[PDB]
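In structure tokens, one chain follows: the form deposited in one PDB entry.
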């Protein structure tokens, strides 16, 4: 929904789960499950292999979702030296550097964390 998300083209999806090597026809429980695919690299995974809740799955499927390694901070659009400590929203899975949150964070939030776009 962000302007810079409506604007970056989407890479061709790979129709194989990077984690279990199944397709949309077979996840780890040998049942069909649609894949989610990274908009930048095209790699895909079952939501069940990504450990996404059903609610989070619905939301990321409607967004320009990025995999763990491709994730860029939604504020500064960078990864940078602090990329490994980038927070992932538990509602939309967007990434934010702690220093790029509104308000900026000095310490890691405890428990489930929802980003500045998602909180009412």
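Positions refer to the first chain, counted from 1. Rigid core here is just the name for the largest C-alpha set that superposes within 1.5 Å across the two forms.
The same protein also exists as the form deposited in another entry; that form is not shown, yet it is the one meant from here on.
With the core held fixed, the Cα of residue 53 is displaced between this form and the one not shown by less than 2 Å. For residue 105, the Cα coordinates differ by 2 angstroms or more between this form and the one not shown after the core has been superposed. Shown in the overlay between this form and the one not shown, fitted on the rigid core, is a CA shift at residue 83 of 2 Å or greater.
Note: residue 44-residue 82 Cα separation is 3 Å or more shorter in that other deposited form than here. Whereas the shown form places them at one spacing, the Cα atoms of residue 83 and residue 57 lie at least 3 Å farther apart in that other deposited form.
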